[PDB]
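Two separate entries follow, structure 1 and structure 2, each one form of the same protein chain as structure tokens.
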Structure 1
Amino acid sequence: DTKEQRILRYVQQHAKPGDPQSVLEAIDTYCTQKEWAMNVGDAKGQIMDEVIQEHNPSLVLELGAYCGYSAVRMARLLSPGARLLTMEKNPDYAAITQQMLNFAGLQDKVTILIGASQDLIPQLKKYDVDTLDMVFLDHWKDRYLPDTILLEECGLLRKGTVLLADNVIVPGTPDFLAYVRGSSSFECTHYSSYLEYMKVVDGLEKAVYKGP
């Protein structure tokens, strides 16, 4: 019984089906009071909400779905006929996200593509995609910079395409910021957001020397 399964149960048991806001408050409630989980949260969500409303996207790409919180967060604001694509490399997470979208009533607005961003991004042409209006980067931080260039070289970015990258300060995406902040092709803006708690997997490598 994974933690992602438990979050889904709590939603299925507490949220008003077909009410995305109710879904979000159920996830925020459970992930603030029972088990912390790596969803953007409501505070960041309110930034995301304003970016979507102020930039009025029609085609959105998400890198990193996890349980679907940020997909529900964005999908619920999109206009009729607007699409959200979300790329997720973990199949267990993708399934959880799919149920989350179904319960929220947003499955018609979203298309989950299972796989790694670096392998799927070059495929988007074969998904009836020309260019993107908005891109939310919240997957592996090691991938913000190469995916951005990949999106450029693939001809997926248009003049005015919005990029929104999470966790640029904590734990940090300093090469990505240095690239877009320093490039003439990107006009950047930073949105501070307080964070009460965040846990990320790290590790230590022991290496015993055995001789030349």
Structure 2
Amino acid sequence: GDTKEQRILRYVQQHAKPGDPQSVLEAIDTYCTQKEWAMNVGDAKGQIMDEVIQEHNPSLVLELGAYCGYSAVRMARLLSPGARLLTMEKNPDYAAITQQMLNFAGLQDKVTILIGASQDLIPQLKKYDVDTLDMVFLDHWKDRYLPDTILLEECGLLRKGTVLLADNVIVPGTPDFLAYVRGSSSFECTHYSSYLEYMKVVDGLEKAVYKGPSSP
């Protein structure tokens, strides 16, 4: 009852309005900023996440990685009735907090949480009525961004125009993922750096839009 992700969930449950995704996001944000665990996530990554979803209105989003559920709530709240989010996370405790966060926001019908390693679950997406993905959000585990991207290509899950958006890409981290997508002719790349009011990046995100072959 005392991991950071449990403490975030507890704060939301005590302070946020049940069934109101905006209230849930604001409570997570407020708490994490006060604890100095993450400064103003809504401004530093939430607004960029929103824009990327709203510029393409995806029918199917894959989230790789989850911690407390902020990102799943942020994306799931924007999805229209025919659209949905699949979230993969290996850590069963993070997956559980993420599920309870979505429940508190009233968004559980929009999301399917798959507990397992991405290298095991990505090749099984065939078995979930999944041909290709419209958008992929890479969250949290940056050493896995390049392997995950390669595996998505090998499984034929990326089509022309599929948007990959990777959080927590701040130089000089993720040197391999960035060198790959920026050097590859199969991607068009945009980098977002959120400074808030500071001189150093608070969060950085890489948008890599696939333009390569759909079949591996």
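Under this definition, the rigid core comprises the largest set of C-alpha atoms superposing within 1.5 Å between the forms. Numbers follow structure 1, counted from its first residue as 1.
The form solved in complex with S-adenosyl-L-homocysteine (SAH) is represented by structure 1; structure 2 is the other form. When the rigid core is held fixed, the Cα atom of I27 travels less than 2 angstroms between structures 1 and 2. Annotation: Cα of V51 displaced by less than 2 Å between structures 1 and 2, core superposition. After superposing the rigid core, the Cα of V200 is displaced by 2 Å or more between structures 1 and 2.
With both forms fitted on their core, the C-alpha atom of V170 sits 5.3 Å from where it sits in the other form; this compares the forms between structures 1 and 2. Here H139 exhibits a Cα shift of 3.5 Å between structures 1 and 2, evaluated on the superposed rigid core. Structural comparison between structures 1 and 2 after rigid-core fitting shows the C-alpha of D119 displaced 1.1 Å.
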